[PDB]
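Shown here: final35.csv, CSV, C-alpha atoms.
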```csv
chain,number,residue,atom,x,y,z
H,1,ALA,CA,156.5,-79.7,148.4
H,2,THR,CA,156.7,-76.6,146.2
H,3,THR,CA,159.0,-73.6,147.2
H,4,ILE,CA,158.4,-70.1,145.9
H,5,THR,CA,160.5,-67.0,146.3
H,6,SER,CA,158.6,-64.1,144.7
H,7,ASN,CA,155.1,-62.6,144.9
H,8,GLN,CA,152.5,-65.3,144.2
H,9,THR,CA,148.9,-66.2,145.1
H,10,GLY,CA,147.1,-69.5,144.5
H,11,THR,CA,145.5,-72.5,146.1
H,12,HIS,CA,147.6,-75.4,147.4
H,13,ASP,CA,146.1,-78.6,148.8
H,14,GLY,CA,142.8,-76.8,149.5
H,15,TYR,CA,144.3,-73.7,151.1
H,16,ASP,CA,144.6,-70.3,149.6
H,17,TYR,CA,148.2,-69.3,149.9
H,18,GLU,CA,150.1,-66.1,149.2
H,19,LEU,CA,153.7,-64.9,149.5
H,20,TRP,CA,153.9,-61.1,149.4
H,21,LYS,CA,156.8,-58.7,149.9
H,22,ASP,CA,157.4,-55.2,148.7
H,23,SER,CA,161.1,-56.1,148.4
H,24,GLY,CA,163.8,-58.5,149.8
H,25,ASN,CA,164.7,-62.1,150.1
H,26,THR,CA,161.7,-64.4,150.7
H,27,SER,CA,161.3,-68.1,150.6
H,28,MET,CA,158.0,-70.0,151.2
H,29,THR,CA,157.5,-73.7,151.2
H,30,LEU,CA,154.0,-75.0,150.6
H,31,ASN,CA,153.2,-78.1,152.6
H,32,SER,CA,150.1,-80.3,153.1
H,33,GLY,CA,146.8,-78.6,154.0
H,34,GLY,CA,147.3,-75.3,155.6
H,35,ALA,CA,151.0,-76.1,156.4
H,36,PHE,CA,153.8,-73.9,155.1
H,37,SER,CA,157.2,-72.6,156.1
H,38,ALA,CA,159.0,-69.4,155.4
H,39,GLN,CA,162.2,-67.4,155.8
H,40,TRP,CA,163.0,-63.8,154.9
H,41,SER,CA,165.8,-61.2,155.2
H,42,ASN,CA,166.7,-57.8,153.8
H,43,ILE,CA,162.9,-57.1,153.5
H,44,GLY,CA,160.7,-54.1,153.5
H,45,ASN,CA,157.4,-55.7,154.4
H,46,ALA,CA,156.6,-59.4,153.9
H,47,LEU,CA,153.7,-61.7,154.5
H,48,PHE,CA,153.4,-65.5,154.1
H,49,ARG,CA,150.0,-67.2,154.7
H,50,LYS,CA,147.5,-70.0,154.0
H,51,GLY,CA,143.8,-69.8,154.7
H,52,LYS,CA,140.8,-68.8,152.8
H,53,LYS,CA,140.3,-66.0,150.2
H,54,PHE,CA,136.6,-65.2,150.0
H,55,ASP,CA,134.6,-63.4,147.3
H,56,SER,CA,133.8,-60.3,149.4
H,57,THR,CA,130.1,-61.0,148.9
H,58,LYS,CA,129.3,-62.2,152.4
H,59,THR,CA,129.6,-60.9,156.0
H,60,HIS,CA,131.3,-63.2,158.5
H,61,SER,CA,127.8,-63.9,160.1
H,62,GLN,CA,126.7,-65.1,156.7
H,63,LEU,CA,129.7,-67.4,156.4
H,64,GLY,CA,129.2,-69.1,159.7
H,65,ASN,CA,131.6,-69.6,162.6
H,66,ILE,CA,135.2,-69.2,161.6
H,67,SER,CA,138.0,-70.9,163.6
H,68,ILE,CA,141.7,-71.9,163.1
H,69,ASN,CA,143.8,-74.5,164.9
H,70,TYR,CA,147.5,-74.1,164.5
H,71,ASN,CA,150.9,-75.3,165.5
H,72,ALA,CA,154.0,-73.4,164.6
H,73,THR,CA,157.7,-72.7,165.1
H,74,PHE,CA,158.5,-69.0,164.9
H,75,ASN,CA,161.6,-66.8,164.8
H,76,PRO,CA,160.8,-63.0,164.8
H,77,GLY,CA,164.3,-61.9,164.0
H,78,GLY,CA,163.1,-58.4,164.7
H,79,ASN,CA,159.6,-57.0,164.2
H,80,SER,CA,157.4,-59.9,163.0
H,81,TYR,CA,154.0,-61.3,163.9
H,82,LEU,CA,152.5,-64.8,164.0
H,83,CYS,CA,148.8,-64.1,163.6
H,84,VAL,CA,145.4,-64.6,161.9
H,85,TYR,CA,145.2,-61.9,159.2
H,86,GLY,CA,142.6,-60.7,156.7
H,87,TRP,CA,140.5,-58.0,155.2
H,88,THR,CA,136.9,-57.0,154.6
H,89,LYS,CA,135.5,-54.6,152.0
H,90,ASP,CA,132.8,-52.0,152.3
H,91,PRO,CA,134.1,-51.0,154.6
H,92,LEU,CA,137.7,-51.7,153.7
H,93,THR,CA,139.3,-53.1,156.8
H,94,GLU,CA,142.5,-54.9,157.7
H,95,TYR,CA,142.5,-57.1,160.8
H,96,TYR,CA,144.9,-58.9,163.0
H,97,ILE,CA,144.6,-61.4,165.9
H,98,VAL,CA,148.2,-61.5,167.2
H,99,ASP,CA,149.4,-64.5,169.2
H,100,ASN,CA,153.1,-63.9,168.9
H,101,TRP,CA,155.5,-61.0,168.0
H,102,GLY,CA,159.2,-60.0,168.1
H,103,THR,CA,160.9,-56.9,169.2
H,104,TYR,CA,157.7,-54.9,168.7
H,105,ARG,CA,154.3,-55.4,170.3
H,106,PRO,CA,151.4,-54.2,168.1
H,107,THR,CA,149.6,-51.3,169.6
H,108,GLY,CA,147.1,-48.6,168.8
H,109,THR,CA,144.1,-46.7,170.0
H,110,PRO,CA,143.0,-48.8,173.0
H,111,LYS,CA,139.4,-50.0,172.6
H,112,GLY,CA,139.0,-52.8,175.1
H,113,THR,CA,140.2,-56.3,176.2
H,114,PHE,CA,138.9,-59.7,175.4
H,115,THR,CA,139.5,-63.2,176.9
H,116,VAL,CA,139.1,-66.1,174.6
H,117,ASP,CA,140.9,-69.3,173.6
H,118,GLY,CA,142.6,-69.6,177.0
H,119,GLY,CA,144.1,-66.1,176.7
H,120,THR,CA,143.4,-62.4,177.2
H,121,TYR,CA,143.7,-60.1,174.2
H,122,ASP,CA,144.3,-56.3,174.1
H,123,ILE,CA,142.1,-54.7,171.5
H,124,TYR,CA,143.4,-51.7,169.5
H,125,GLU,CA,142.2,-49.8,166.5
H,126,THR,CA,144.4,-47.7,164.2
H,127,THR,CA,143.8,-45.7,161.0
H,128,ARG,CA,145.7,-46.1,157.8
H,129,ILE,CA,145.9,-43.0,155.5
H,130,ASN,CA,146.7,-43.7,151.9
H,131,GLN,CA,148.6,-46.9,152.5
H,132,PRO,CA,148.9,-50.1,150.4
H,133,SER,CA,145.8,-52.2,150.6
H,134,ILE,CA,144.3,-55.2,148.9
H,135,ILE,CA,142.6,-52.7,146.6
H,136,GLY,CA,145.5,-50.3,146.2
H,137,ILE,CA,146.6,-47.1,147.9
H,138,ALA,CA,143.6,-46.4,150.2
H,139,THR,CA,142.6,-45.2,153.6
H,140,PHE,CA,141.2,-47.7,156.1
H,141,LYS,CA,141.0,-48.8,159.7
H,142,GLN,CA,143.1,-51.6,161.2
H,143,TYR,CA,141.6,-53.9,163.9
H,144,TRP,CA,143.9,-55.5,166.5
H,145,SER,CA,143.6,-58.3,169.0
H,146,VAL,CA,146.9,-58.9,170.7
H,147,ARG,CA,147.4,-61.7,173.2
H,148,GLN,CA,148.9,-60.4,176.4
H,149,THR,CA,151.2,-63.5,176.5
H,150,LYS,CA,152.9,-65.1,173.5
H,151,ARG,CA,152.2,-68.6,172.1
H,152,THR,CA,153.0,-70.6,169.0
H,153,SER,CA,150.0,-73.0,168.9
H,154,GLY,CA,146.4,-73.1,169.9
H,155,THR,CA,142.9,-72.3,168.7
H,156,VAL,CA,141.9,-68.9,167.5
H,157,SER,CA,138.1,-68.2,167.6
H,158,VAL,CA,138.2,-65.7,164.7
H,159,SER,CA,134.5,-65.1,164.7
H,160,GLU,CA,134.4,-64.5,168.4
H,161,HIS,CA,137.0,-61.7,167.9
H,162,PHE,CA,134.9,-60.3,165.1
H,163,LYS,CA,131.8,-60.2,167.2
H,164,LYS,CA,133.7,-58.5,170.0
H,165,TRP,CA,135.2,-55.9,167.7
H,166,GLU,CA,131.7,-55.1,166.5
H,167,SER,CA,130.2,-54.8,170.0
H,168,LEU,CA,133.0,-52.3,170.5
H,169,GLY,CA,132.0,-50.0,167.6
H,170,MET,CA,134.4,-51.7,165.2
H,171,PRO,CA,132.2,-52.7,162.2
H,172,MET,CA,133.2,-55.4,159.7
H,173,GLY,CA,132.4,-55.4,156.0
H,174,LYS,CA,132.2,-58.3,153.6
H,175,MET,CA,134.9,-60.9,154.2
H,176,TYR,CA,137.8,-60.9,151.8
H,177,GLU,CA,140.1,-63.3,153.6
H,178,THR,CA,141.0,-65.1,156.8
H,179,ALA,CA,144.4,-66.7,157.2
H,180,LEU,CA,147.1,-67.9,159.6
H,181,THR,CA,149.8,-65.4,158.7
H,182,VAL,CA,153.5,-64.7,159.4
H,183,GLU,CA,154.4,-61.1,158.8
H,184,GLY,CA,157.7,-59.3,158.9
H,185,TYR,CA,159.0,-55.7,158.6
H,186,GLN,CA,162.7,-55.2,158.0
H,187,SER,CA,163.2,-58.3,160.1
H,188,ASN,CA,165.2,-61.4,159.4
H,189,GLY,CA,163.4,-64.5,160.5
H,190,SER,CA,161.5,-67.6,159.6
H,191,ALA,CA,158.6,-69.8,160.7
H,192,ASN,CA,157.4,-73.4,160.2
H,193,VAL,CA,153.6,-73.8,160.5
H,194,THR,CA,153.3,-77.6,160.9
H,195,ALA,CA,149.6,-77.5,161.6
H,196,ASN,CA,147.0,-75.0,160.3
H,197,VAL,CA,143.3,-75.8,159.9
H,198,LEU,CA,140.7,-73.3,159.0
H,199,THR,CA,137.1,-74.3,159.6
H,200,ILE,CA,134.0,-72.5,158.3
H,201,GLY,CA,130.8,-73.6,160.0
H,202,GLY,CA,133.0,-76.2,161.6
H,203,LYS,CA,133.9,-77.6,158.2
H,204,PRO,CA,137.6,-77.8,157.4
H,205,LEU,CA,139.0,-76.3,154.2
```
Could the structure of this file be written out as structure tokens, please?
Amino acid sequence: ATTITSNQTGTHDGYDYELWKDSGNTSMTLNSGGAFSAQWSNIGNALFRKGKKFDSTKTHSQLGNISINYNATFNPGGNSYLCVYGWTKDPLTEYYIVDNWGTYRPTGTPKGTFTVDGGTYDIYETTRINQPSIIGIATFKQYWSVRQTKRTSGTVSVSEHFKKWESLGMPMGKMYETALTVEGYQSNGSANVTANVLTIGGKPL
């Protein structure tokens, strides 16, 4: 429906969308529901996504079970990820649940492994010292759930990952966002998310 090419956040057909890049060519087409497509090249870092931006006033347990069903087409074209992405505040945390990637598999401090949604994820934690964040240059931890085998469609039990990260000493703060996301780093690719439904307490956005 509507195509954007520069940094922009908003709400489209019920879903909170955002196109972000520090630099480079980026195109994002906003489709029905949580559907969207994107292509990028000559970029620094770029993210395209649709999901829910929260108010950072509630913890995930207070929001209710969070889950996403998706179907997508994805061309890494280098280092890129097809994932569920978000942040929490107090503490400031950036998280990933990666189902697909390109020439680079996300890794970090090994913390455990988790089997859910028909797959088995590797859990890692990494620290970010004075890096860009939703609140500006800051220091924060990164949480990672990386599927051992790639896929481009399926159900991601977001809350189950959260609960497991916590049971592993990886605390979550108030929810800032949860969204099916395509991210790229100096890669040249594209993706077409034809299906993307985020439910909260089983209720679709």
Exercise. Leaving out residue 157 of chain H and any residue of its chain fewer than 5 positions from it, which residues lie within 7 Å of it when counting only C-alpha atoms, given as a PyMOL selection string?
Worked result: chain H and resi 66-68+117
For this session: Extract, using all atoms listed in the file, all DNA, RNA and protein residues at most 7 Å from residue 172 of chain H, discarding same-chain residues fewer than 3 positions from it, and format them as a PyMOL selection string.
Result: chain H and resi 88+91+166
Exercise. For residue 185 of chain H, which of H:82, H:47, H:4, H:19 is the closest residue, counting only C-alpha atoms?
Worked result: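 So, comparing all the options, the nearest one is H:47.
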For this session: Figure out the distance between atom CA of residue 65 of chain H and atom CA of residue 152 of chain H, please, to one decimal in Å.
Result: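 The value is 22.4 Å.
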Exercise. Do you know which residues are at most 12 Å from residue 56 of chain H counting only C-alpha atoms, after dropping those on the same chain fewer than 5 positions away, and could you put them as an MDAnalysis selection string?
Worked result: chainID H and resid 62:63 86:93 134:135 172:178
Distance query residue 11 of chain H at most 12 Å, all atoms listed in the file, self and fewer than 3 positions along chain excluded, as a CSV table (one decimal) with C-alpha atoms, in the frame of the given file:
```csv
chain,number,residue,atom,x,y,z
H,2,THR,CA,156.7,-76.6,146.2
H,8,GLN,CA,152.5,-65.3,144.2
H,14,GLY,CA,142.8,-76.8,149.5
H,15,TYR,CA,144.3,-73.7,151.1
H,16,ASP,CA,144.6,-70.3,149.6
H,17,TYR,CA,148.2,-69.3,149.9
H,18,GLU,CA,150.1,-66.1,149.2
H,19,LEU,CA,153.7,-64.9,149.5
H,30,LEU,CA,154.0,-75.0,150.6
H,31,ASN,CA,153.2,-78.1,152.6
H,32,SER,CA,150.1,-80.3,153.1
H,33,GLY,CA,146.8,-78.6,154.0
H,34,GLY,CA,147.3,-75.3,155.6
H,49,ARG,CA,150.0,-67.2,154.7
H,50,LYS,CA,147.5,-70.0,154.0
H,51,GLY,CA,143.8,-69.8,154.7
H,52,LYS,CA,140.8,-68.8,152.8
H,53,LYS,CA,140.3,-66.0,150.2
H,205,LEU,CA,139.0,-76.3,154.2
```
Exercise. Which polymer residues, protein or nucleic acid, are no farther than 12 Å from (143.7, -63.9, 178.4), counting all atoms listed in the file, as a ChimeraX atom specification?
Worked result: /H:99,113-123,145-151
If you count all atoms listed in the file, which residues fall within 9 Å of residue 42 of chain H, apart from same-chain ones fewer than 6 positions away, as a compact mmCIF listing (two decimals) with C-alpha atoms, in the coordinates of the input?
```txt
# COMPACT_ATOMS: atom_id res chain seq x y z
CA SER H 23 161.10 -56.10 148.40
CA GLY H 24 163.80 -58.50 149.80
CA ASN H 25 164.70 -62.10 150.10
CA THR H 26 161.70 -64.40 150.70
CA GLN H 186 162.70 -55.20 158.00
CA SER H 187 163.20 -58.30 160.10
CA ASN H 188 165.20 -61.40 159.40
```
Seminar exercise, completed: Closest of H:64, H:184, H:44, H:169 to residue 102 of chain H, counting all atoms listed in the file, is H:184
For this session: Please indicate the distance in Å from atom CA of residue 37 of chain H to atom CA of residue 133 of chain H, rounded to one decimal place.
Result: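 Computed distance, atom CA of residue 37 of chain H to atom CA of residue 133 of chain H, equals 24.0 Å.
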Restrict the calculation to only C-alpha atoms, then for each residue of segment 150-180 of chain H with any atom at most 9 Å from an atom of segment 191-202 of chain H give the closest atom pair and their distance in Å to one decimal, rows by chain and rising residue number, as CSV.
```
residue,atom,partner,partner_atom,distance
H:153,CA,H:195,CA,8.6
H:178,CA,H:198,CA,8.5
H:179,CA,H:198,CA,7.8
H:180,CA,H:196,CA,7.1
```
Exercise. What is the distance, in Å and to one decimal place, between atom CA of residue 182 of chain H and atom CA of residue 29 of chain H?
Worked result: 12.8 Å
For this session: Scan for residues within 7 Å of the point (148.2, -61.9, 163.2) in the coordinates of the file, using all atoms listed in the file, and reply as a PyMOL selection string.
Result: chain H and resi 81-85+96-99+181
